[PDB]
Amino acid sequence: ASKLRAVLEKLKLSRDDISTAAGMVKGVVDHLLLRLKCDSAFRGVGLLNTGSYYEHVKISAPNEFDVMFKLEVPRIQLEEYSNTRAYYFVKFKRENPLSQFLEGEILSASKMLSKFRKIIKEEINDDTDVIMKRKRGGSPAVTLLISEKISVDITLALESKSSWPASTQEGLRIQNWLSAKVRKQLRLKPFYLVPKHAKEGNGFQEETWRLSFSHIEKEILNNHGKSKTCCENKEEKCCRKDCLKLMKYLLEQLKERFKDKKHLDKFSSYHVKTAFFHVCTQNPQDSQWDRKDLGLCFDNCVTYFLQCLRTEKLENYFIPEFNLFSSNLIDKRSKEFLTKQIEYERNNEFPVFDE
Ligand SMILES: Nc1ncnc2c1ncn2[C@@H]1O[C@H](COP(=O)(O)OP(=O)(O)OP(=O)(O)O)[C@@H](O)[C@H]1O
Ligand SMILES: Cc1oncc1/C(O)=C(\C#N)C(=O)Nc1ccc(S(=O)(=O)c2ccc(Cl)cc2)cc1
Ligand SMILES: [Mg+2]
Ligand SMILES: [Mg+2]
Ligand SMILES: [Zn+2]
């Protein structure tokens, strides 16, 4: 109620910073797209705006933007890596502009990402000050910082207008919330592959790509009610986005405060985003997200997240057999540690949110 509302007030974005940040991002992104379009291998590149800024659930400051530099790849053939469900080798069906990145029959993610990064790096010294952050192992992101303030994650994304892979067949369980009609329309849209490599023991399988549905996530968050007029008038202001923002802030704050021994380094905002989509599936009616019930609605979000930690299971919303909380990705000790901290917070009405 009052405490949660006070937090949300604190997390609001300034209309001014949104405006200035937008222009800075546009300038940088427009430059890089222009350069990339010169290269024969990136001719068809195009922009897709994704993540929390464009979903209107960015908190505190508009200082982190996410964009896909998408590139259509006709006639694409996938081989699932190691029954991982989310990671794939990319092949082609019988002049391919991507010829140069092939290793045997296979398009190398690492080869193609490296050139992508190169060109952008090579272009970053040309009206604003932009610096490129260190490459994170196995990440799809090329991360820039503008004016020592605004981070922009750029991922290359292959775009396939084929039907989604078989691994997604039982995902996107929105039928009871957003409708069967909408699920069908959504699954007619493209899917993306980004050069995030599957973990291989201590390293990465460096030719693998991973599915991305960032475009669908954005569409859902910006058209998120059972009612088509959800959040379009003062009588239908649900608390869905408020609950996602609080879950994000809860995790951010816990990560900050536990930074001395880095217990929570393996947890990310996408974990709480995923958990939140599952709670939307469980609670499909707008009446289950009434502004008057902010407290209860947030609790529903927290207790589902707690269940996910304790069962060490958090299914990718689109790929059910991809477990974001597997031992492969996050060790048991870390999940047990966050479980305890979230329980403490829940049991004491979130002291971490006190001013
Ligand atoms: N592990 C992942 N699997 C699939 N998609 C992911 C994953 N991590 C991030 N993404 C996609 O990348 C987008 C941007 O990621 P990012 O970490 O910037 O989070 P965000 O949703 O923008 O939230 P915020 O940036 O406020 O923490 C996500 O919204 C999601 O669509
Ligand atoms: C841009 C961008 O624009 N649209 C989407 C998108 C994007 O960032 C992704 C997509 N799709 C995407 O998958 N990101 C992504 C980035 C990093 C990593 S990690 O494994 O390095 C990592 C694990 C845990 C932690 Cl705590 C921190 C890092 C995994 C995925
Ligand atoms: Mg982001
Ligand atoms: Mg990001
Ligand atoms: Zn709403």
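With PDB author numbering applied, the sequence shown corresponds to residues 162 to 255, 259 to 290, 293 to 521, in that order.
Cβ coordinates follow ideal geometry from the N, Cα and C atoms, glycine included.
Starting from the C-beta of residue i, find all residues in its chain whose C-beta is less than 6 Å away, skip the five residues before and the five after it, and write them out in chain order.
i	result
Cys405	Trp455, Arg457, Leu460, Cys463
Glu372	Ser274, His363
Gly212	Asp227
residue 144	Look at the range of the chain in this structure, 162 to 521, and you will see that residue 144 is not part of it.
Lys254	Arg236, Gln238
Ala307	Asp319, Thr321
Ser333	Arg246, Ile485
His429	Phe503
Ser380	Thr211
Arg281	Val308
Along the alpha helix (DSSP H) that carries residue i, what are the first and last residues, could you check?
i	result
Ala167	163 to 172
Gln238	Taken as a continuous stretch (DSSP letters only), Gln238 belongs to no alpha helix (DSSP H), being part of the beta strand (DSSP E) at 237 to 241.
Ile386	380 to 387
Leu430	Element bounds for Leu430: n/a, residue is neither H nor E.
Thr505	498 to 513
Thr374	Unbroken run through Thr374: none, as it is neither H nor E.
residue 292	Regarding the residue in question, residue 292 is not represented: the chain runs 290 and then 293, omitting everything in between.
Going by DSSP, what residue range makes up the beta strand (DSSP E) through residue i?
i	result
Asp227	225 to 233
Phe357	357 to 360
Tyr483	Careful: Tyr483 lies outside any beta strand (DSSP E) and carries neither H nor E.
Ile297	296 to 298
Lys252	248 to 253
residue 142	Residue 142 lies beyond the residue range present for the chain, which begins at 162 and ends at 521; the question has no answer from this structure.
According to the Cβ coordinates, are residue i and residue j closer than 9 Å?
i	j	result
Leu172	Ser221	yes
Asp319	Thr309	yes
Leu472	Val438	no
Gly268	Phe230	no
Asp452	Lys384	no
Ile316	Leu352	no
residue 525	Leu475	Here the chain has residues from 162 to 521 only, and residue 525 is not among them.
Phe433	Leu417	yes
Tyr483	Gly337	yes
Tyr249	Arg376	yes
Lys164	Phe443	no
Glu241	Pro361	no
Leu174	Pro223	yes
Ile297	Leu420	no
Report back the beta-carbon spacing between residue i and residue j to the nearest angstrom; my notes put them in contact at under 8 Å.
i	j	result
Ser378	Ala441	Not quite, the Cβ-Cβ distance comes to about 18 Å (not below 8 Å), so this is no contact.
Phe488	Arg246	5 Å
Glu314	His192	With 8 Å as the limit, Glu314 and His192 do not qualify as a contact, their Cβ atoms being about 19 Å apart.
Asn342	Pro450	5 Å
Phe491	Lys479	6 Å
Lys355	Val218	With a Cβ gap of about 21 Å, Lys355 and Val218 do not count as contacting.
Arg512	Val445	Between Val445 and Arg512 the Cβ distance is about 15 Å, and since that is not below 8 Å, they are no contact.
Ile283	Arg339	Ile283 to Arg339, Cβ: 39 Å. No contact.
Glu216	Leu344	The pair is not a contact, with the Cβ atoms about 15 Å apart (cut-off 8 Å).
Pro261	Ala346	Actually they do not touch by this definition, with Cβ atoms about 38 Å apart.
Using a Cβ-Cβ cutoff of less than 7 Å, which residues in the same chain neighbour residue i once the five nearest sequence positions on both sides are dropped?
i	result
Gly303	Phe370
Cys397	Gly391, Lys403, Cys404
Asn210	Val228
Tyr415	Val168, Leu172, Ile220
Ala162	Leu460, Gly461
TODO: Quick one: which unbroken alpha helix (DSSP H) runs of 4-plus residues sit fully inside the region 300 to 355? Chain order, please.
DONE: Within the region 300 to 355, the complete alpha helix (DSSP H) runs of at least 4 residues are 346 to 353.
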